[PDB]
Amino acid sequence: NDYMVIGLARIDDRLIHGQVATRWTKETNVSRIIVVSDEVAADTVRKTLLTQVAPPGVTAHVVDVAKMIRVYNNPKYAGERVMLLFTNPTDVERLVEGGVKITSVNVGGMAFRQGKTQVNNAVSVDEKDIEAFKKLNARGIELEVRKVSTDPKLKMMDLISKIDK
């Protein structure tokens with residue numbers, strides 16, 4: 001707990017897109033952004049582009065779930081405010097199981113796909129994504145769905161309760 005401070009946890013299969021990362025970085029007062037994804041970490045070309053387009057004064061990093069747990073286990077970032085970028089809530093539950101502390105998770109956006117159910121204008125969930133959200137809620141973790149901080153916040157459970165029931 002007296003280690004890194006999670007300023008915010010945003011889920012988005014697009015990582016950085018539009019001014020979403022720019023606006024959220026200034027509002028979240030974040031000077032560091034870490035991306036957790038094994039598929040992206042295996043793409044050296046995408047990593048170069050994300051690192052070369054990192055907002056001014058903001059550093060973007062790319063690590064895998066196993067390495068992210070070790071970076072957090074280093075008090076070198078104690079107090080430091082870092083934003084976590086995920087592509088699926090499954091990777092969030094894995095960090096929690098490793099003893100990572102998360103008080104709330106924010107759903108930024110999820111590319112829709114066949115076989116999935118649309119819960120929001122750009123948020124899709126599969127039976128696997130829903131299962132991860134229910135476990136986080138069972139742990140007392142808050143789940144909020146919102147595209148921009150200027151948009152009304154909706155509860156992930158409420159959206160899934162009107163679909164799943």
# chains A, B, ... in the order shown; residues from 1 in each chain; ligands from 1

$ residues_around --residues "residue 7 in chain A" --least-positions-apart "6" --cutoff "7 Å" --atoms "only C-alpha atoms" --output "list in words"
residues 28, 81, 82 and 83 of chain A

$ residues_around --residues "residue 88 in chain A" --least-positions-apart "2" --cutoff "9 Å" --atoms "only C-alpha atoms" --output "PyMOL selection string"
chain A and resi 11-13+86+90-92+110+129

$ select_by_dssp --residues "range 25-159 of chain A" --states "alpha helix (DSSP H)" --output "number ranges by chain"
A: 25-27, 38-41, 44-52, 65-72, 89-97, 127-138, 156-159

$ closest_residue --among "A:132, A:123, A:96, A:69" --to "residue 147 in chain A" --atoms "only C-alpha atoms"
A:123

$ residues_around --residues "residue 104 in chain A" --least-positions-apart "2" --cutoff "8 Å" --atoms "only C-alpha atoms" --output "list in words"
residues 9, 102, 106, 141, 142, 143 and 144 of chain A

$ atom_distance --atom1 "CA of residue 97 in chain A" --atom2 "CA of residue 61 in chain A"
22.1 Å

$ residues_around --residues "residue 2 in chain A" --least-positions-apart "6" --cutoff "10 Å" --atoms "only C-alpha atoms" --output "list in words"
residues 75, 77, 78 and 79 of chain A

$ write_last_selection --atoms "N, CA, C and O atoms" --output "CSV table (one decimal), in the first residue's frame"
chain,number,residue,atom,x,y,z
A,75,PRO,N,9.2,-0.2,-4.6
A,75,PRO,CA,8.9,1.1,-3.9
A,75,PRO,C,9.6,2.3,-4.7
A,75,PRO,O,9.4,3.4,-4.3
A,77,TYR,N,8.6,3.5,-7.2
A,77,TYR,CA,7.5,4.4,-7.7
A,77,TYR,C,6.6,4.8,-6.6
A,77,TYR,O,5.5,5.2,-6.8
A,78,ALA,N,7.0,4.6,-5.4
A,78,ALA,CA,6.1,4.9,-4.2
A,78,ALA,C,5.6,6.3,-4.3
A,78,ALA,O,6.4,7.2,-4.6
A,79,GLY,N,4.3,6.5,-4.1
A,79,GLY,CA,3.8,7.9,-4.2
A,79,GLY,C,3.6,8.3,-5.6
A,79,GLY,O,2.6,9.0,-5.9

$ residues_around --residues "residue 24 in chain A" --least-positions-apart "6" --cutoff "9 Å" --atoms "only C-alpha atoms" --output "mmCIF file with N, CA, C and O atoms, in the first residue's frame"
data_model
loop_
_atom_site.group_PDB
_atom_site.id
_atom_site.type_symbol
_atom_site.label_atom_id
_atom_site.label_comp_id
_atom_site.auth_asym_id
_atom_site.auth_seq_id
_atom_site.Cartn_x
_atom_site.Cartn_y
_atom_site.Cartn_z
ATOM 1 N N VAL A 30 -1.749 12.816 -14.242
ATOM 2 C CA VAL A 30 -0.829 11.658 -14.411
ATOM 3 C C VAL A 30 0.374 12.076 -15.257
ATOM 4 O O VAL A 30 0.248 12.685 -16.300
ATOM 5 N N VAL A 148 -16.083 9.614 -21.391
ATOM 6 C CA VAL A 148 -15.292 10.827 -21.008
ATOM 7 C C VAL A 148 -15.690 11.255 -19.594
ATOM 8 O O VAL A 148 -16.785 10.982 -19.143
ATOM 9 N N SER A 149 -14.817 11.920 -18.884
ATOM 10 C CA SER A 149 -15.160 12.351 -17.499
ATOM 11 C C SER A 149 -16.297 13.370 -17.546
ATOM 12 O O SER A 149 -16.927 13.653 -16.546
#

$ closest_residue --among "A:48, A:145, A:39, A:136" --to "residue 109 in chain A" --atoms "only C-alpha atoms"
A:145

$ residues_around --residues "residue 119 in chain A" --least-positions-apart "2" --cutoff "8 Å" --atoms "only C-alpha atoms" --output "NGL selection string"
:A and (117 or 121-125 or 159-160 or 163)

$ write_last_selection --atoms "N, CA, C and O atoms" --output "short mmCIF file (atom, residue, chain, number, x, y, z; two decimals), in the first residue's frame"
data_model
loop_
_atom_site.label_atom_id
_atom_site.label_comp_id
_atom_site.auth_asym_id
_atom_site.auth_seq_id
_atom_site.Cartn_x
_atom_site.Cartn_y
_atom_site.Cartn_z
N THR A 117 -22.42 -8.79 -26.35
CA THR A 117 -23.66 -7.99 -26.20
C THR A 117 -23.28 -6.53 -26.00
O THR A 117 -22.37 -6.21 -25.25
N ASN A 121 -22.67 2.59 -25.83
CA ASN A 121 -22.46 3.06 -27.23
C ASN A 121 -21.18 2.44 -27.82
O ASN A 121 -21.09 2.24 -29.02
N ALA A 122 -20.20 2.15 -27.01
CA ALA A 122 -18.95 1.56 -27.57
C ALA A 122 -18.36 0.57 -26.56
O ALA A 122 -17.17 0.29 -26.57
N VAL A 123 -19.18 0.02 -25.71
CA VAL A 123 -18.67 -0.96 -24.71
C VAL A 123 -19.37 -2.31 -24.92
O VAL A 123 -20.57 -2.42 -24.82
N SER A 124 -18.60 -3.32 -25.21
CA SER A 124 -19.17 -4.67 -25.43
C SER A 124 -18.64 -5.63 -24.38
O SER A 124 -17.52 -5.50 -23.91
N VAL A 125 -19.43 -6.59 -23.99
CA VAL A 125 -18.98 -7.55 -22.95
C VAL A 125 -19.35 -8.98 -23.34
O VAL A 125 -20.44 -9.27 -23.79
N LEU A 159 -25.76 -1.79 -15.98
CA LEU A 159 -25.88 -2.08 -17.44
C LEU A 159 -25.99 -3.59 -17.65
O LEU A 159 -26.77 -4.06 -18.45
N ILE A 160 -25.22 -4.35 -16.93
CA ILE A 160 -25.28 -5.83 -17.09
C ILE A 160 -26.53 -6.37 -16.39
O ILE A 160 -27.05 -7.41 -16.75
N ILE A 163 -29.34 -6.41 -18.75
CA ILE A 163 -29.12 -7.36 -19.87
C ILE A 163 -29.13 -8.74 -19.24
O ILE A 163 -30.03 -9.54 -19.44
#

$ residues_around --residues "residue 100 in chain A" --least-positions-apart "4" --cutoff "12 Å" --atoms "only C-alpha atoms" --output "PyMOL selection string"
chain A and resi 1-6+9+65-66+68-73+84+91-96

$ closest_residue --among "A:38, A:60, A:164, A:49" --to "residue 131 in chain A" --atoms "only C-alpha atoms"
A:164

$ select_by_dssp --residues "range 5-113 of chain A" --states "strand (DSSP E or B)" --output "MDAnalysis selection string"
chainID A and resid 5:12 32:36 59:63 81:86 104:109

$ closest_residue --among "A:114, A:51, A:37, A:25" --to "residue 126 in chain A" --atoms "only C-alpha atoms"
A:114

$ closest_residue --among "A:85, A:42, A:118, A:140" --to "residue 103 in chain A" --atoms "only C-alpha atoms"
A:140

$ closest_residue --among "A:29, A:44, A:87, A:120" --to "residue 16 in chain A" --atoms "only C-alpha atoms"
A:87

$ atom_distance --atom1 "CA of residue 35 in chain A" --atom2 "CA of residue 62 in chain A"
4.7 Å
